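Enquirer: Quick one, what's the 3D model for this:
(chains A, B, C, D, E, F, G and H)
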Amino acid sequence: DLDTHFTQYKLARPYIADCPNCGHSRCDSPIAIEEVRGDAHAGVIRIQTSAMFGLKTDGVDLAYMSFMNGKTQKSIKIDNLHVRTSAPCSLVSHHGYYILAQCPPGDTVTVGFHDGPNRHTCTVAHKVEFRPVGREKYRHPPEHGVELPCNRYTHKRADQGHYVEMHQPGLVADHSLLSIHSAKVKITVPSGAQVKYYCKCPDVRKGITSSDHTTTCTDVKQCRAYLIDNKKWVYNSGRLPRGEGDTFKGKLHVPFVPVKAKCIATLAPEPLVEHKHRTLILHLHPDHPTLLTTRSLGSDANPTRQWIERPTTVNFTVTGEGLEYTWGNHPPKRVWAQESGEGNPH
Amino acid sequence: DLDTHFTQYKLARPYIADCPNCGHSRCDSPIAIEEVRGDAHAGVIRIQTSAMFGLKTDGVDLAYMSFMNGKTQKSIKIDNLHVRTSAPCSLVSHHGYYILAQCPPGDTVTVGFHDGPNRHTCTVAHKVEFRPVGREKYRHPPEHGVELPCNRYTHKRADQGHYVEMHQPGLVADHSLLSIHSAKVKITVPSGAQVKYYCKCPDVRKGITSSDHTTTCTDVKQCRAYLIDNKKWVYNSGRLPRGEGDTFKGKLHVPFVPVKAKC
Amino acid sequence: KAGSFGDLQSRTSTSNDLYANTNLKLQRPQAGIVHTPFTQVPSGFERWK
Amino acid sequence: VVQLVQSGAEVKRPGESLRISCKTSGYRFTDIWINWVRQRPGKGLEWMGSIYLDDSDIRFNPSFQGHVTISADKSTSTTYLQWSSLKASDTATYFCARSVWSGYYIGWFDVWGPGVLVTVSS
Amino acid sequence: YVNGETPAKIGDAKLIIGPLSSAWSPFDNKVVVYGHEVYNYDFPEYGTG
Amino acid sequence: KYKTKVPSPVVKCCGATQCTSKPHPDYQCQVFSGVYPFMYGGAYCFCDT
Amino acid sequence: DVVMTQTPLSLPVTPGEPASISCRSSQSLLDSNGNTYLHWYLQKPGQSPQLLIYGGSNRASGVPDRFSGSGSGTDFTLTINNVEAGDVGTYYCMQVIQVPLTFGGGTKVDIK
Amino acid sequence: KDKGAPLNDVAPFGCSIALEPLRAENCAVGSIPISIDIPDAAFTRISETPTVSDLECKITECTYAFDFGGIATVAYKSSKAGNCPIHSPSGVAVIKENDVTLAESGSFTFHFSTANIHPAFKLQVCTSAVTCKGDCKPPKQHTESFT
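Expert: Numbers count the residues shown, from 1 in each chain, chains lettered A, B, ... in the order given. The structure is reproduced below:
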């Protein structure tokens, strides 16, 4: 839906947060990574970046992305927005600060978008695992099998179940808007912000909308300008400085939230049952690590649970009261065995 | 060589087929992986897709591909035909329905060609392994060593060792060629193929060469059409509907049959 | 024995009397998609190898 | 290279029959549509009919039934355009054109014949 | 109900079953419910993690 | 090693079909009910069962 | 039956500057898969016509980079980035979607 | 990650575990005292029902398997035509059939299951009892005394 996107336009902006290994070293990147949530079963993950996908500078236009290139929120077309864990993930959706993607297992998570001259990559160290459903350890959603109830990150654009906070951005330190006028520092307000400034001695700790040049400092290296703006808000991230805007616990819906769904689970090859009486031989020929769990239906359950990883033969003792065995995603099977004719009482 | 494409052209054509994990979901994709064969000793694997390689729309011109983009066998240049299992595979050859590549060990097999508006990437869950030769485990063939006999997929285009059978396509369902002319269901025809159709009460059950409008149905939802064609055959895939024309146990040579070489 | 070492037992390298005891079963096609799923014990010659 | 060749131009009288032929060369597949189109002197072209070589599947214009007939021959890879009774309105150029199979559509006519000129006057 | 007190009208005839000859129950004082399954995790903690 | 080839399934709009045995190695046959398959644009087998 | 209309019925132009020809049809030529069944043919005076553009936007073999096709739905446009003397003759827009598949009325390009 | 086995898979007496009321279904342990109160209308005067005398029970063939691997036939001299029940109150054999149609000289057959080598059950057919000693039966999920 677009109304939620519009309500995300209300005060949310991209920000340049700190990112480790921006390709080859630490930096402050337009697209950071915070709180990557790989908890689903099939393999889907959600990454809360520091860039607004969808929203361009004017509207929504789903095929556009926006990010902070310095002092400007700049919008471009989403030409190549990729996510890698150990091989290129197939990103399923993007909205606000959040990407939703389908990654294979790996020890890293990295996002990156093309501006055309630049790649603006961000790589975080976060172990993400394949989490197969059921009782068989497959490593990719299979073509066929049985549907089981799983918990996956919904691909829906929006939902009001969960939220995240919005806070007034902290005063953004800067020095590029400090120059030398004749032989004296000069603060070039960007026409839209009230640049605070702090320099050699204590100065005016509120800033002024007009351009200023202070006489108590001569060189830029003892003077710095906190660029501020109270017209657009940012999500309170641990990697940004917290300002004095200690009000407005603003709210944003989290786009892709975990919900129940149906995941395919591998039906393992059926075993060879050899019901030689007084017992039960079971030849198992798995293709992935499968489970075999058995219990006796008498006063003594005597459970036996084991992970079969290769072709194997296991013998169980079926008494006259009953045995039950479950193998893989198959339903439990029951067998009652007695009355073998070995010997002759006469 | 050239005649192999001229037995792969005669009646064979691309076809759209079911594909799991096509990007982030399930597709009726034009390049659908089926029956990947990883059994060689160098990680070299040959996969049978559902989109013709080499063949353009008139000749071979071996840099092109053709796939079934709906109702037109659209041909393009092979610009980026990529194959991956865990890292990109250095593809070595392509012919007809088959790609042949040198893949590293992995647990999936995903292929895709570039066209410009879309990516058309298919993926299949296969356990592709790297089987070493001899009595030492490698994970990549070495620079030097002993020359041992190994069974690998030949890159040669031609061989008569093995074949697959080409079968007449079934009845390709299509709901995009029906409309409401004025207030009744009208069945447009693609001008070159006859379309079978079925509506509310049982209707003409053999199709017609020309268009028609049926008065027994006033809603498009209750009537539909199976476009039929008998001019280009396909390979009998498990994920295609078999036609009532149960004939023509045809033939199609497999390009990259296994051979014994040195590793 | 359905995949121990002999399950595809051919009298000659080109005979047409394949034995092929491999416990081949068939599953249902779910969600309305045309395909032929199946389940089966993996190859026995490969297991032996 | 592919070459499409028709018979030479001809002059005929009304009331008799006629058969012109178009031959394909330099292309060794029969999975082809070969088609006829008439351009009158000074006026545009009108698609007249089409035939698929393999199954002899016909595609007729609704303005040319009975008057005209299109047939095909496999061994020589030829199409025959046949008139039973020529008329005073059959004075025109006839071009045979080649459209390779491309989906369930007649396609595009990549190569044309030299173009025969058949004139019937009074 | 399985107990000597409560009757039951199956059709017209009046039925009384129970009490169960043994008080055995598969559960115990503390159990954990997850998904479709239950575990006899004997020590959920009240306010002491 | 073996290879499980599968012929194209025959899908009929309305009505059922009883299948036949064949002298093929490891031959398996099954008829499933209530599939309602989908394809590339189209709604195959409208009968809904 | 579908009827095709070409604009202009004749186009005078000199070499050096581009030219445009707009063909139009009764109903849309597109499909659900987004593919256009037009074919732009050129007939120089004296010989048979030759396929110049196929698929509406795609480019046939042999012809130069110069020519281009575009448009959507009912309205389609041939463009020539810069004309030469050799392009004298008749341009014809044709559709295929419905039998009978009819050529356009035609347009004639000639040296001014 | 490292949980033990569920109670759905290690519960004794073979019972699954439904979750919504948190039940333990079909956990066969113990016994059930039973008391039924049947309407008086359910009974009929014995005058109109078949009296059963001049009875004999020949065991034809059986085997002490779980399923009804048993056949026996009783010869009987009729009193009147009708339909009347069967039941074996002993614990050796359990009888499939509930009612039988006794015609003139009605001799019928019934199938049963038992766990004994030589049974000793007594059949009771319509207000009278006949003891089928049973033969020495051979060997080769259901009801078995097995004592």
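
Enquirer: What's opposite residue D:70 in the beta bridge?
Expert: When assigned by DSSP bridges, residue D:70 has beta-bridge partners residue D:81.

Enquirer: Surely it touches residue D:56?
Expert: No - counting by CB atoms under 8 Å, residue D:70 sits too far from residue D:56 to count as a contact (9.5 Å). Quick note: C-beta positions are derived from backbone N, CA and C, even for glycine.

Enquirer: In space, what's closest to the most centrally placed residue in chain D - neighbours in sequence excluded?
Expert: Against the mean C-alpha coordinate of chain D, by CA atoms, centre = their mean, the closest residue is residue D:36 at 3.0 Å. Once its chain neighbours are removed from consideration, residue D:36 has its nearest residue in residue D:48; the separation is 4.6 Å (CB to CB, 6 or more residues apart in numbering or on different chains).

Enquirer: So the one you found: helix, strand or coil?
Expert: Counting by DSSP: H, G, I helix; E, B strand; the rest coil, the backbone at residue D:48 sits in strand.

Enquirer: got a list of what residue 87 touches?
Expert: Answering for chain A, as no chain was given. The neighbourhood of residue A:87, defined by CB atoms under 8 Å, 6 or more residues apart in numbering or on different chains, consists of A:104, A:106, B:84, B:86, B:87.

Enquirer: my question was about chain G
Expert: Residues in contact with residue G:87 (CB under 8 Å, 6+ apart) are G:42, G:80, G:109.

Enquirer: neighbours around residue A:252, how many?
Expert: As a burial measure, the neighbour count of residue A:252 was computed by other CB atoms under 10 Å in any protein chain shown and equals 21.

Enquirer: Please identify the helix or strand for it.
Expert: strand A:250-253 (DSSP states H and E).

Enquirer: what's the burial count for residue H:76?
Expert: Neighbour count of residue H:76, defined by other CB under 10 Å: 22.

Enquirer: Same check on the one 5 residues further on?
Expert: Residue H:81 has 11 neighbouring residues, counting by other CB under 10 Å.

Enquirer: From the contacts of residue G:87, pick the one nearest chain F.
Expert: If you rank these by distance to chain F using CB to the nearest CB, residue G:42 comes first, at 34.6 Å.

Enquirer: other SSEs contacting the strand holding residue A:252?
Expert: Helices and strands touching strand A:250-253, by 3 or more CB pairs under 8 Å, 6 or more residues apart in numbering or on different chains; DSSP states H and E, are helix A:3-8, strand A:163-166.

Enquirer: Check which residues of the longest one are buried.
Expert: Think helix A:3-8. A:4, A:5, A:8 (16 or more other CB atoms under 10 Å in any protein chain shown).

Enquirer: which of the contacts of residue A:87 sit farthest apart?
Expert: A:106 and B:84 (14.1 Å; CB to CB).

Enquirer: Walk me through which strands whichever strand or helix holds the residue nearest to the centre of chain D pairs with, and which way each runs.
Expert: Using DSSP H and E, residue D:36 maps to strand D:32-39. Looking at strand D:32-39 with DSSP bridges, its partner strands are strand D:45-52 (antiparallel), strand D:92-100 (antiparallel).

Enquirer: got a list of what the residue nearest the centre of chain C touches?
Expert: Relative to the mean C-alpha position of chain C, the nearest C-alpha, by CA atoms, centre = their mean, is the one of residue C:22, at 4.2 Å. Residues in contact with residue C:22 (CB under 8 Å, 6+ apart) are C:2, C:3, C:7, C:8, C:40, C:41, C:44, F:2, F:4, F:26.

Enquirer: before we move on, the earlier item: and chain G, which of the buried residues of helix A:3-8 reach it?
Expert: With CB under 8 Å from any CB of the partner chain as the criterion, no member of these is in contact with chain G.

Enquirer: So what touches stretch H:102-110?
Expert: The contact list for stretch H:102-110 (CB under 8 Å, 6+ apart) reads H:50, H:52, H:60, H:71-78, H:81-84, H:86, H:95-97, H:100-101, H:123, H:126.
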